[PDB]
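Trainee: Got a structure for you, written out below as structure tokens; questions coming shortly.
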Amino acid sequence: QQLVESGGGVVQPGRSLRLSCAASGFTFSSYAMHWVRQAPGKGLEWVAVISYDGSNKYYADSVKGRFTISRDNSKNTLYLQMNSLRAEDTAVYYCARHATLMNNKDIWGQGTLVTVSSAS
Amino acid sequence: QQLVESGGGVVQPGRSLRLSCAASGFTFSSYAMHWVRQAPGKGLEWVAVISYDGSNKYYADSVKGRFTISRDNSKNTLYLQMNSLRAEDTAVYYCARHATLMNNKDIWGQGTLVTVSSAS
Amino acid sequence: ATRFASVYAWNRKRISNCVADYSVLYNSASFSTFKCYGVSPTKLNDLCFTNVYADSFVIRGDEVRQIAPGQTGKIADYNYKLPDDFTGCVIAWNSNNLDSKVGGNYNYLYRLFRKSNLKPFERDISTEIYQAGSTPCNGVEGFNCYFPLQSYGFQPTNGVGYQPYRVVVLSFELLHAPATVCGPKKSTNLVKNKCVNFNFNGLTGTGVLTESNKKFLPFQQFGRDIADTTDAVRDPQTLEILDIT
Amino acid sequence: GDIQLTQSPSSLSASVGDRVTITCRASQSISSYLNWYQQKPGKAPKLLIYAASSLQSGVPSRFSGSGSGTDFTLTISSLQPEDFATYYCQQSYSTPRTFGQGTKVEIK
Amino acid sequence: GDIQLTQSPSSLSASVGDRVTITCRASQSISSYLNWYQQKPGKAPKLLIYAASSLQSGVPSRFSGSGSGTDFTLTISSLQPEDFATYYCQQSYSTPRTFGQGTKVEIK
Amino acid sequence: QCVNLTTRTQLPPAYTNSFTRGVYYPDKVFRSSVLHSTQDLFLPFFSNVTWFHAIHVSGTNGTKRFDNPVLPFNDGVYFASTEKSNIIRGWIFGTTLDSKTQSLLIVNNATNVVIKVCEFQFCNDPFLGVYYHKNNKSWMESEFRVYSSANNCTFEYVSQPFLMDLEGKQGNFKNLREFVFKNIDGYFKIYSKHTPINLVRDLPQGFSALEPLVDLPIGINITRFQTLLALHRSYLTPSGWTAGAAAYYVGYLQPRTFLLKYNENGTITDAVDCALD
Ligand SMILES: *[C@@H]1O[C@H](CO)[C@@H](O)[C@H](O)[C@H]1NC(C)=O
């Protein structure tokens with residue numbers, strides 16, 4: 001039913017910041033989950049998947065920074081660590097789901113700002 | 001195998017008209033037999049039973065006009081006299097049989113029109 | 001029960017070592033589709049069972065005719081499979097006043113596809129992606145591959161054919177194991193000092209039952225005499241020592 | 001009182017090769033005592049299923065019955081160009097017998 | 001390579017009661033795997049059409065999808081004062097998924 | 001869990017002689033002062049009975065010896081113990097002492113014994129762990145120190161505790177407790193008794209009549225078993241285990257024809273084996 005996100009903030013470039021997003025209402029477990037990016041004034045750009053029902057991780061090669069994705073299924077939560085930062089990634093992120101002709105499960109988080117800059 | 005019916009026609013209301021229906025191929029005698037009604041454009045409405053294997057007569061209370069039913073078993077024939085007529089009974093009748101989970105004996109007559117009207 | 005799961009993860013309850021209340025099953029009479037097998041439903045009141053499997057789920061009001069031992073259609077194809085030789089009863093009724101909710105009921109689910117027909121009585125909770133075409137999707141969704149599961153759409157705005165049935169299925173067996181679950185029977189008022197045929201706990205004979213002061217040990221059942229006759233019995237319903245002459 | 005029948009839908013205009021489920025619902029719990037009939041308008045009602053779960057001579061398994069209690073089902077499968085006619089369900093539980101209002105399967 | 005999307009027009013300033021056709025074109029032949037979203041700027045993307053030809057709960061038929069292959073169509077009809085926002089199409093054909101650049105329907 | 005301490009010890013099983021012992025009531029039928037004769041599984045008189053010790057201090061300092069083996073069931077099983085302080089609870093009776101067969105798991109967890117017929121995974125050194133909860137100040141029993149998995153379970157039951165204390169007696173009773181276990185015809189039946197004994201260890205000349213407790217649908221043959229234990233934890237002293245001392249008696253049943261002398265009240269005293277001599 002509901003998705004909550006870890007806190008965004010201002011991080012210096014080259015660093016790492018683990019992204020937590022917990023589910024509620026129905027589990028993460030039976031589904032997949034995604035991350036997308038929205039820069040201000042820019043379109044929604046897909047980032048990376050997670051696939052718990054086997055195990056596989058796909059990343060966008062457009063932003064191929066080894067932003068690692070894995071689970072905490074028993075907390076219905078998902079972790080993607082912001083690795084190899086660069087300033088144009090300064091944006092808001094969303095926890096996502098795609099209706100793949102079968103489901104209607106597209107549920108979106110509230111959105112938190114990741115900021116990549118040396119100036120706080 | 002086969003069922004034949006007495007002649008239908010136009011009868012004034014309040015009158016009576018005996019209905020004859022003779023069997024062929026296998027006897028009436030070992031079975032029951034029924035009458036049903038079909039008004040034009042209306043569903044098949046059950047009318048009355050006969051039960052020769054004892055003796056009992058049941059009528060629909062929906063059309064409870066003392067439409068009397070009895071036999072001529074030795075001619076494999078059955079008689080229901082149209083009593084206490086009224087115009088909405090103007091319809092076609094059928095001689096009937098119900099497969100009551102045991103038999104497959106549902107055999108139907110050809111259908112004759114009873115008409116209840118003062119205008120011939 | 002207050003909460004039946006769907007058919008992709010149907011609940012199963014192994015039941016034994018108790019007694020059957022088969023009377024009010026027929027006296028319920030609020031049940032839409034209630035059928036049985038093995039031997040007649042009136043006969044099954046006493047004809048009893050080693051170990052029963054009570055498994056229940058919720059399906060649609062149209063697909064319930066798929067639930068029949070040895071048929072096809074989605075629920076019996078990929079969701080829940082009655083065997084080729086079956087004994088139990090299918091009990092089916094509507095729960096439209098509970099399940100289907102305004103604002104939409106989408107709690108319930110089912111599996112719509114799998115790469116084979118389903119083995120009998122085996123659920124399928126594996127929600128991985130099936131790949132219909134040859135293009136490997138490998139866990140994530142994609143092209144030629146679909147998601148396995150789908151919901152139902154329940155609201156009370158549905159017609160009568162689209163109403164949720166809480167189908168509970170009872171399945172039975174017989175083994176070297178004894179009839180651990182078995183239906184009880186009514187008693188007969190005790191007669192004292194009357195020549196009377198009798199049965200106590202299956203023990204049968206004919207005698208004159210009286211009050212008697214011989215004193216059993218608690219676990220005991222019969223008394224007996226020198227001759228291996230059945231001399232004295234204890235009334236099971238009200239413990240008392242009853243001679244048999 | 002009488003036993004009410006509920007035949008739904010009372011018509012369904014259909015196409016070639018369909019699988020139509022003509023439902024006959026009941027006001028009481030009837031064991032299996034329900035039947036099905038073929039009637040082109042003006043013909044004799046040709047019986048299709050007896051005891052709601054058993055086929056009939058001359059009629060292949062393109063028709064298929066199931067159900068019990070209150071809920072009864074006409075499972076027409078692989079719908080044929082001759083099968084487009086006016087059909088009927090049937091109780092035989094008590095007296096009086098009533099029949100359904102009919103369902104006319106007809107070419108779209 | 002990647003699958004390119006082509007969302008046209010990328011904006012359309014509109015009026016009350018219109019019937020706007022927001023087109024999302026594709027670089028490849030995608031079966032139906034395209035979606036649509038509502039986003040007022042700062043909200044969560046509320047899904048509008050799934051599989052490019054099917055409506056969604058809460059969203060009436062004032063929105064209406066069609067198309068297949070390369071050509072996909074957002075059929076907004078009887079344009080409502082709440083429908084003026086930034087919208088999006090969506091592939092799910094392959095990996096990577098891309099979204100359209102957005103089309104802001106806004107009051108003239 | 002499956003915490004394990006084999007602590008294997010040498011020496012021959014200390015035997016004993018059951019004088020008049022292991023005579024239960026093989027029927028519910030009440031009989032009075034008659035001599036009844038049946039040929040049934042029993043422990044024949046003047047028999048070799050192994051006085052085993054689950055925990056055995058042989059004094060130097062400490063030296064608690066945990067010996068209790070997995071033991072075959074053979075034809076039938078007899079059991080006897082004193083244990084003024086209970087350290088014994090139930091038995092693991094089974095086929096493979098593992099999955100792939102059912103498992104007879106008798107736990108007399110205080111106070112509601114929950115007999116269990118299930119499929120478990122029994123560890124290499126199974127026994128019931130007991131600890132202190134600190135919440136409500138109650139000694140719980142960790143039951144998975146016996147077995148890891150509990151699933152598939154076929155049967156479950158609860159009754160009033162078979163194991164029972166009296167105490168306050170500073171001995172002179174020892175509360176000698178016997179349990180007979182015979183699994184056949186789908187009914188594995190349990191027998192019991194409680195007797196005072198003033199002797200240091202071994203058994204007296206008296207007769208012990210054992211009533212059937214429950215006649216249960218089992219359906220699984222038992223070819224081996226081991227007993228269960230109750231141990232605890234201690235804290236820093238020059239972890240704690242092997243509470244008190246533990247020893248018990250085991251003997252195997254056998255078909256024999258006994259003549260059974262009931263009393264005016266049906267209490268069997270004298271039984272005589274026919275094949276004894
Ligand atoms: C009891 O013996 C039978 C063979 O006679 C065996 O199949 C069964 O597995 C044994 N006990 C059980 C039910 O585990």
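To be explicit about the labels: the chains of the structure tokens are called A, B, and onward in the order shown, and within each one the residues are counted from 1, while ligands get numbers from 1 in the order they are shown.
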Only residues of chain E matter here; which ones have an atom within 6 Å of chain A, counting only C-alpha atoms? Give them as an NGL selection string.

Mentor: :E and (44 or 51 or 98 or 101)

Trainee: Generate the output file for the selected residues, N, CA, C and O atoms, as a short mmCIF file (atom, residue, chain, number, x, y, z; two decimals), in the first residue's frame.

Mentor:
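File produced: part04.cif:
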data_model
loop_
_atom_site.label_atom_id
_atom_site.label_comp_id
_atom_site.auth_asym_id
_atom_site.auth_seq_id
_atom_site.Cartn_x
_atom_site.Cartn_y
_atom_site.Cartn_z
N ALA E 44 3.59 11.81 -6.92
CA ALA E 44 4.02 10.49 -7.35
C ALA E 44 3.36 10.16 -8.68
O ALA E 44 2.21 10.55 -8.91
N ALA E 51 -0.53 -1.74 -20.40
CA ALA E 51 -0.47 -2.47 -21.67
C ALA E 51 -1.05 -1.67 -22.84
O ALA E 51 -1.57 -2.27 -23.79
N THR E 98 13.03 2.85 -20.53
CA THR E 98 13.10 4.30 -20.61
C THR E 98 11.69 4.83 -20.56
O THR E 98 10.73 4.12 -20.82
N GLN E 101 9.88 11.85 -22.42
CA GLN E 101 10.35 13.09 -21.80
C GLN E 101 9.24 13.85 -21.09
O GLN E 101 9.54 14.80 -20.36
#

Trainee: Using only C-alpha atoms and all ligand atoms, which residues have at least one atom no more than 9 Å from ligand 1? Output them as an mmCIF file with N, CA, C and O atoms, in the first residue's frame.

Mentor:
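Dumped everything to result-v1.cif:
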data_model
loop_
_atom_site.group_PDB
_atom_site.id
_atom_site.type_symbol
_atom_site.label_atom_id
_atom_site.label_comp_id
_atom_site.auth_asym_id
_atom_site.auth_seq_id
_atom_site.Cartn_x
_atom_site.Cartn_y
_atom_site.Cartn_z
ATOM 1 N N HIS C 176 -3.462 -48.341 6.830
ATOM 2 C CA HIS C 176 -3.120 -49.181 7.983
ATOM 3 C C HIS C 176 -3.356 -48.470 9.311
ATOM 4 O O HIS C 176 -3.541 -49.138 10.336
ATOM 5 N N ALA C 177 -3.301 -47.138 9.320
ATOM 6 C CA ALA C 177 -3.700 -46.297 10.430
ATOM 7 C C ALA C 177 -5.187 -46.489 10.723
ATOM 8 O O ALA C 177 -5.973 -46.770 9.816
ATOM 9 N N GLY F 94 11.180 -43.582 17.836
ATOM 10 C CA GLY F 94 11.010 -43.355 16.382
ATOM 11 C C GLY F 94 11.534 -44.477 15.497
ATOM 12 O O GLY F 94 11.782 -45.578 16.012
ATOM 13 N N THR F 95 11.655 -44.212 14.189
ATOM 14 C CA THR F 95 12.150 -45.230 13.220
ATOM 15 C C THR F 95 13.582 -44.917 12.758
ATOM 16 O O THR F 95 14.424 -45.836 12.807
ATOM 17 N N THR F 96 13.851 -43.667 12.359
ATOM 18 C CA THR F 96 15.197 -43.271 11.853
ATOM 19 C C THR F 96 15.781 -42.159 12.732
ATOM 20 O O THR F 96 16.890 -41.679 12.424
ATOM 21 N N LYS F 100 11.854 -38.618 7.476
ATOM 22 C CA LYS F 100 11.550 -39.770 6.634
ATOM 23 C C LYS F 100 10.660 -40.777 7.356
ATOM 24 O O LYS F 100 10.076 -41.642 6.701
ATOM 25 N N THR F 101 10.526 -40.694 8.678
ATOM 26 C CA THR F 101 9.563 -41.477 9.435
ATOM 27 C C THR F 101 8.845 -40.536 10.387
ATOM 28 O O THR F 101 9.246 -39.383 10.565
ATOM 29 N N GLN F 102 7.780 -41.034 11.000
ATOM 30 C CA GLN F 102 7.168 -40.240 12.048
ATOM 31 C C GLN F 102 8.086 -40.221 13.266
ATOM 32 O O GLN F 102 9.149 -40.847 13.289
ATOM 33 N N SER F 103 7.666 -39.495 14.293
ATOM 34 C CA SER F 103 8.448 -39.435 15.518
ATOM 35 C C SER F 103 7.507 -39.411 16.708
ATOM 36 O O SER F 103 6.565 -38.617 16.743
ATOM 37 N N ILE F 218 -1.238 -44.901 16.587
ATOM 38 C CA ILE F 218 0.171 -44.540 16.246
ATOM 39 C C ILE F 218 0.386 -44.835 14.756
ATOM 40 O O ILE F 218 0.519 -43.873 13.975
ATOM 41 N N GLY F 219 0.435 -46.122 14.396
ATOM 42 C CA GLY F 219 0.600 -46.557 12.994
ATOM 43 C C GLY F 219 2.050 -46.576 12.538
ATOM 44 O O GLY F 219 2.284 -46.905 11.358
ATOM 45 N N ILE F 220 2.992 -46.241 13.425
ATOM 46 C CA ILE F 220 4.438 -46.252 13.048
ATOM 47 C C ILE F 220 5.197 -47.192 13.992
ATOM 48 O O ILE F 220 5.118 -46.988 15.219
ATOM 49 N N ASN F 221 5.908 -48.175 13.429
ATOM 50 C CA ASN F 221 6.709 -49.133 14.238
ATOM 51 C C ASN F 221 7.956 -48.415 14.768
ATOM 52 O O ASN F 221 8.583 -47.672 13.986
ATOM 53 N N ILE F 222 8.321 -48.666 16.029
ATOM 54 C CA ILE F 222 9.524 -48.022 16.636
ATOM 55 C C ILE F 222 10.623 -49.083 16.766
ATOM 56 O O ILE F 222 10.408 -50.065 17.505
#

Trainee: What would chain E look like once superposed on chain D, with the fit done by least squares over all C-alpha atoms paired in order? Give it as a PDB file with C-alpha atoms, in the first residue's frame.

Mentor:
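Once everything was written out, this is superposed_2.pdb:
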ATOM      1  CA  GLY E   1     -44.109 -21.493  -1.167  1.00  0.00           C
ATOM      2  CA  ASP E   2     -42.900 -22.247  -4.674  1.00  0.00           C
ATOM      3  CA  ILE E   3     -39.272 -22.729  -5.646  1.00  0.00           C
ATOM      4  CA  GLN E   4     -37.966 -19.778  -7.632  1.00  0.00           C
ATOM      5  CA  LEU E   5     -35.524 -20.227 -10.486  1.00  0.00           C
ATOM      6  CA  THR E   6     -33.027 -17.633 -11.657  1.00  0.00           C
ATOM      7  CA  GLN E   7     -31.725 -18.124 -15.184  1.00  0.00           C
ATOM      8  CA  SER E   8     -28.967 -15.711 -16.067  1.00  0.00           C
ATOM      9  CA  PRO E   9     -28.477 -14.209 -18.547  1.00  0.00           C
ATOM     10  CA  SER E  10     -31.897 -14.490 -20.162  1.00  0.00           C
ATOM     11  CA  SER E  11     -30.251 -13.945 -23.559  1.00  0.00           C
ATOM     12  CA  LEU E  12     -26.741 -13.836 -24.953  1.00  0.00           C
ATOM     13  CA  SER E  13     -26.018 -12.963 -28.580  1.00  0.00           C
ATOM     14  CA  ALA E  14     -22.934 -14.977 -29.383  1.00  0.00           C
ATOM     15  CA  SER E  15     -20.393 -15.865 -32.057  1.00  0.00           C
ATOM     16  CA  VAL E  16     -18.717 -18.888 -33.607  1.00  0.00           C
ATOM     17  CA  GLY E  17     -16.625 -21.151 -31.396  1.00  0.00           C
ATOM     18  CA  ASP E  18     -17.522 -19.526 -28.076  1.00  0.00           C
ATOM     19  CA  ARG E  19     -17.744 -21.110 -24.638  1.00  0.00           C
ATOM     20  CA  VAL E  20     -20.966 -19.755 -23.120  1.00  0.00           C
ATOM     21  CA  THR E  21     -21.829 -20.346 -19.460  1.00  0.00           C
ATOM     22  CA  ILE E  22     -25.612 -20.110 -19.104  1.00  0.00           C
ATOM     23  CA  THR E  23     -26.312 -20.049 -15.385  1.00  0.00           C
ATOM     24  CA  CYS E  24     -29.483 -21.302 -13.727  1.00  0.00           C
ATOM     25  CA  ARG E  25     -29.604 -20.318 -10.073  1.00  0.00           C
ATOM     26  CA  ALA E  26     -32.052 -21.700  -7.550  1.00  0.00           C
ATOM     27  CA  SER E  27     -33.932 -20.314  -4.582  1.00  0.00           C
ATOM     28  CA  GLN E  28     -33.401 -23.516  -2.576  1.00  0.00           C
ATOM     29  CA  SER E  29     -30.699 -26.150  -2.286  1.00  0.00           C
ATOM     30  CA  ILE E  30     -31.583 -28.690  -4.988  1.00  0.00           C
ATOM     31  CA  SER E  31     -29.370 -31.801  -5.048  1.00  0.00           C
ATOM     32  CA  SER E  32     -28.780 -32.154  -8.769  1.00  0.00           C
ATOM     33  CA  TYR E  33     -32.324 -32.121 -10.109  1.00  0.00           C
ATOM     34  CA  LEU E  34     -31.893 -29.732 -13.022  1.00  0.00           C
ATOM     35  CA  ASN E  35     -31.938 -30.223 -16.757  1.00  0.00           C
ATOM     36  CA  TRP E  36     -31.339 -28.361 -20.018  1.00  0.00           C
ATOM     37  CA  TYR E  37     -33.230 -28.163 -23.291  1.00  0.00           C
ATOM     38  CA  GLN E  38     -32.741 -27.230 -26.923  1.00  0.00           C
ATOM     39  CA  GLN E  39     -35.605 -25.320 -28.522  1.00  0.00           C
ATOM     40  CA  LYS E  40     -35.474 -23.669 -31.840  1.00  0.00           C
ATOM     41  CA  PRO E  41     -38.704 -21.630 -31.715  1.00  0.00           C
ATOM     42  CA  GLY E  42     -41.466 -23.974 -32.815  1.00  0.00           C
ATOM     43  CA  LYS E  43     -39.680 -27.260 -32.096  1.00  0.00           C
ATOM     44  CA  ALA E  44     -39.963 -29.779 -29.303  1.00  0.00           C
ATOM     45  CA  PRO E  45     -37.653 -29.216 -26.305  1.00  0.00           C
ATOM     46  CA  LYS E  46     -34.764 -31.609 -26.901  1.00  0.00           C
ATOM     47  CA  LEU E  47     -33.239 -32.586 -23.545  1.00  0.00           C
ATOM     48  CA  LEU E  48     -29.541 -31.795 -23.183  1.00  0.00           C
ATOM     49  CA  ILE E  49     -28.349 -32.624 -19.636  1.00  0.00           C
ATOM     50  CA  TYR E  50     -30.035 -34.778 -17.026  1.00  0.00           C
ATOM     51  CA  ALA E  51     -29.273 -34.497 -13.286  1.00  0.00           C
ATOM     52  CA  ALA E  52     -27.194 -31.361 -14.115  1.00  0.00           C
ATOM     53  CA  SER E  53     -23.964 -33.357 -14.571  1.00  0.00           C
ATOM     54  CA  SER E  54     -24.572 -35.974 -17.279  1.00  0.00           C
ATOM     55  CA  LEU E  55     -24.517 -35.849 -21.076  1.00  0.00           C
ATOM     56  CA  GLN E  56     -27.149 -37.211 -23.431  1.00  0.00           C
ATOM     57  CA  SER E  57     -27.328 -39.433 -26.519  1.00  0.00           C
ATOM     58  CA  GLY E  58     -26.965 -37.518 -29.771  1.00  0.00           C
ATOM     59  CA  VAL E  59     -25.561 -34.486 -27.922  1.00  0.00           C
ATOM     60  CA  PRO E  60     -21.730 -34.442 -27.779  1.00  0.00           C
ATOM     61  CA  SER E  61     -19.613 -32.890 -25.053  1.00  0.00           C
ATOM     62  CA  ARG E  62     -19.762 -29.422 -26.631  1.00  0.00           C
ATOM     63  CA  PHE E  63     -22.453 -29.044 -23.957  1.00  0.00           C
ATOM     64  CA  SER E  64     -21.336 -29.859 -20.405  1.00  0.00           C
ATOM     65  CA  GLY E  65     -23.223 -29.512 -17.144  1.00  0.00           C
ATOM     66  CA  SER E  66     -22.081 -29.044 -13.563  1.00  0.00           C
ATOM     67  CA  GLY E  67     -23.233 -27.553 -10.283  1.00  0.00           C
ATOM     68  CA  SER E  68     -25.369 -28.452  -7.288  1.00  0.00           C
ATOM     69  CA  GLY E  69     -27.294 -26.907  -4.430  1.00  0.00           C
ATOM     70  CA  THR E  70     -28.439 -23.507  -5.642  1.00  0.00           C
ATOM     71  CA  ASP E  71     -25.933 -22.970  -8.431  1.00  0.00           C
ATOM     72  CA  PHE E  72     -26.253 -24.729 -11.777  1.00  0.00           C
ATOM     73  CA  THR E  73     -24.202 -24.233 -14.898  1.00  0.00           C
ATOM     74  CA  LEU E  74     -24.671 -24.789 -18.632  1.00  0.00           C
ATOM     75  CA  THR E  75     -21.172 -25.176 -20.066  1.00  0.00           C
ATOM     76  CA  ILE E  76     -21.501 -24.714 -23.813  1.00  0.00           C
ATOM     77  CA  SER E  77     -18.107 -25.145 -25.462  1.00  0.00           C
ATOM     78  CA  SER E  78     -16.868 -24.677 -29.059  1.00  0.00           C
ATOM     79  CA  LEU E  79     -20.091 -23.002 -30.082  1.00  0.00           C
ATOM     80  CA  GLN E  80     -21.517 -24.469 -33.267  1.00  0.00           C
ATOM     81  CA  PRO E  81     -23.701 -22.781 -35.931  1.00  0.00           C
ATOM     82  CA  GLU E  82     -26.582 -25.148 -35.099  1.00  0.00           C
ATOM     83  CA  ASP E  83     -26.411 -24.444 -31.362  1.00  0.00           C
ATOM     84  CA  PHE E  84     -27.921 -20.948 -31.696  1.00  0.00           C
ATOM     85  CA  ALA E  85     -31.435 -21.418 -30.270  1.00  0.00           C
ATOM     86  CA  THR E  86     -33.604 -20.832 -27.196  1.00  0.00           C
ATOM     87  CA  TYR E  87     -32.565 -22.937 -24.222  1.00  0.00           C
ATOM     88  CA  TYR E  88     -34.014 -23.771 -20.811  1.00  0.00           C
ATOM     89  CA  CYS E  89     -33.137 -25.050 -17.364  1.00  0.00           C
ATOM     90  CA  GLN E  90     -35.394 -27.249 -15.270  1.00  0.00           C
ATOM     91  CA  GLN E  91     -36.044 -28.256 -11.681  1.00  0.00           C
ATOM     92  CA  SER E  92     -37.527 -31.572 -10.672  1.00  0.00           C
ATOM     93  CA  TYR E  93     -36.940 -31.200  -6.943  1.00  0.00           C
ATOM     94  CA  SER E  94     -40.454 -30.568  -5.657  1.00  0.00           C
ATOM     95  CA  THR E  95     -43.929 -30.109  -6.949  1.00  0.00           C
ATOM     96  CA  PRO E  96     -44.572 -27.634  -8.727  1.00  0.00           C
ATOM     97  CA  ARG E  97     -41.874 -27.888 -11.348  1.00  0.00           C
ATOM     98  CA  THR E  98     -40.815 -24.610 -12.894  1.00  0.00           C
ATOM     99  CA  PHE E  99     -38.581 -24.011 -15.866  1.00  0.00           C
ATOM    100  CA  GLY E 100     -36.232 -21.120 -16.497  1.00  0.00           C
ATOM    101  CA  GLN E 101     -37.309 -18.188 -18.619  1.00  0.00           C
ATOM    102  CA  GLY E 102     -35.009 -19.287 -21.437  1.00  0.00           C
ATOM    103  CA  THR E 103     -31.712 -18.126 -22.885  1.00  0.00           C
ATOM    104  CA  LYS E 104     -31.544 -17.430 -26.610  1.00  0.00           C
ATOM    105  CA  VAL E 105     -28.028 -17.931 -27.932  1.00  0.00           C
ATOM    106  CA  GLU E 106     -27.991 -16.199 -31.290  1.00  0.00           C
ATOM    107  CA  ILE E 107     -25.568 -15.130 -33.991  1.00  0.00           C
ATOM    108  CA  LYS E 108     -23.762 -11.835 -33.445  1.00  0.00           C
TER     109      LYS E 108
END

Trainee: Kindly determine which residues of chain C lie within 8 Å of chain F, considering only C-alpha atoms, and give the answer as a PyMOL selection string.

Mentor: chain C and resi 14+16-17+176-178+180+215-217+219-226

Trainee: Let me see the file: selected residues, N, CA, C and O atoms, as a short mmCIF file (atom, residue, chain, number, x, y, z; two decimals), in the first residue's frame.

Mentor:
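Saved the output as part_37.cif:
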data_model
loop_
_atom_site.label_atom_id
_atom_site.label_comp_id
_atom_site.auth_asym_id
_atom_site.auth_seq_id
_atom_site.Cartn_x
_atom_site.Cartn_y
_atom_site.Cartn_z
N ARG C 14 -4.38 -30.55 8.13
CA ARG C 14 -4.49 -31.98 8.40
C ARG C 14 -5.29 -32.18 9.67
O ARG C 14 -4.92 -31.67 10.73
N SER C 16 -7.30 -34.98 12.23
CA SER C 16 -7.45 -36.34 12.73
C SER C 16 -7.67 -36.23 14.23
O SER C 16 -7.60 -35.15 14.81
N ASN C 17 -7.97 -37.39 14.84
CA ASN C 17 -8.06 -37.56 16.30
C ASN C 17 -9.13 -36.67 16.92
O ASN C 17 -8.89 -35.98 17.91
N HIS C 176 -3.46 -48.34 6.83
CA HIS C 176 -3.12 -49.18 7.98
C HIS C 176 -3.36 -48.47 9.31
O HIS C 176 -3.54 -49.14 10.34
N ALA C 177 -3.30 -47.14 9.32
CA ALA C 177 -3.70 -46.30 10.43
C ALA C 177 -5.19 -46.49 10.72
O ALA C 177 -5.97 -46.77 9.82
N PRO C 178 -5.59 -46.37 11.98
CA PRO C 178 -7.01 -46.54 12.31
C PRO C 178 -7.81 -45.31 11.94
O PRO C 178 -7.28 -44.26 11.58
N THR C 180 -8.96 -42.50 12.91
CA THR C 180 -8.70 -41.60 14.02
C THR C 180 -9.74 -40.49 14.13
O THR C 180 -10.02 -40.03 15.24
N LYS C 215 -16.86 -52.96 41.96
CA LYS C 215 -16.17 -51.68 41.89
C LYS C 215 -15.00 -51.78 40.92
O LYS C 215 -14.02 -52.47 41.20
N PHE C 216 -15.11 -51.10 39.79
CA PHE C 216 -14.06 -51.13 38.77
C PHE C 216 -12.85 -50.30 39.16
O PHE C 216 -12.90 -49.44 40.05
N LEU C 217 -11.76 -50.58 38.48
CA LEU C 217 -10.69 -49.61 38.34
C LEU C 217 -11.01 -48.68 37.18
O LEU C 217 -11.57 -49.10 36.17
N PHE C 219 -9.80 -47.09 34.45
CA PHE C 219 -9.56 -47.27 33.03
C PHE C 219 -10.36 -48.41 32.44
O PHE C 219 -10.51 -48.50 31.22
N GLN C 220 -10.89 -49.29 33.29
CA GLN C 220 -11.49 -50.53 32.86
C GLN C 220 -12.77 -50.30 32.06
O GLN C 220 -13.36 -49.22 32.08
N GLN C 221 -13.17 -51.34 31.34
CA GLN C 221 -14.43 -51.30 30.62
C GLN C 221 -15.36 -52.40 31.11
O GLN C 221 -16.28 -52.15 31.89
N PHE C 222 -15.10 -53.63 30.67
CA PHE C 222 -15.94 -54.76 31.03
C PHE C 222 -15.67 -55.22 32.45
O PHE C 222 -14.65 -54.89 33.05
N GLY C 223 -16.62 -55.98 32.98
CA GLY C 223 -16.31 -57.04 33.90
C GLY C 223 -16.47 -58.38 33.19
O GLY C 223 -17.02 -58.46 32.10
N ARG C 224 -15.98 -59.43 33.83
CA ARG C 224 -16.17 -60.77 33.31
C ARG C 224 -16.26 -61.76 34.46
O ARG C 224 -15.85 -61.49 35.59
N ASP C 225 -16.81 -62.93 34.14
CA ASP C 225 -17.01 -64.01 35.08
C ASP C 225 -16.00 -65.11 34.78
O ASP C 225 -15.17 -65.00 33.88
N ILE C 226 -16.08 -66.20 35.55
CA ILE C 226 -15.16 -67.32 35.39
C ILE C 226 -15.23 -67.88 33.97
O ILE C 226 -14.22 -68.35 33.43
#

Trainee: Could you please tell me, as number ranges by chain, which residues of chain A have an atom within 7 Å of chain C when using only C-alpha atoms?

Mentor: A: 30, 32, 51, 53-56, 100, 102-103

Trainee: Would you compute the distance between CA of residue 159 in chain C and CA of residue 110 in chain C? Give it in Å to one decimal.

Mentor: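 So the answer is 20.2 Å.
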
Trainee: Hey, what does DSSP flag as strand (DSSP E or B) within range 70-108 of chain A? Can you give it to me as a PyMOL selection string?

Mentor: chain A and resi 70-72+77-82+91-96

Trainee: Go ahead and compute the interatomic distance for CA of residue 90 in chain B and CA of residue 118 in chain B, in Å to one decimal.

Mentor: 11.7 Å

Trainee: Could you give me, as a list in words, each residue of chain A that DSSP assigns to helix (DSSP H, G or I) when run on this structure's backbone?

Mentor: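 The residues of chain A classed as helix (DSSP H, G or I) are residues 73, 74, 75, 87, 88 and 89 of chain A.
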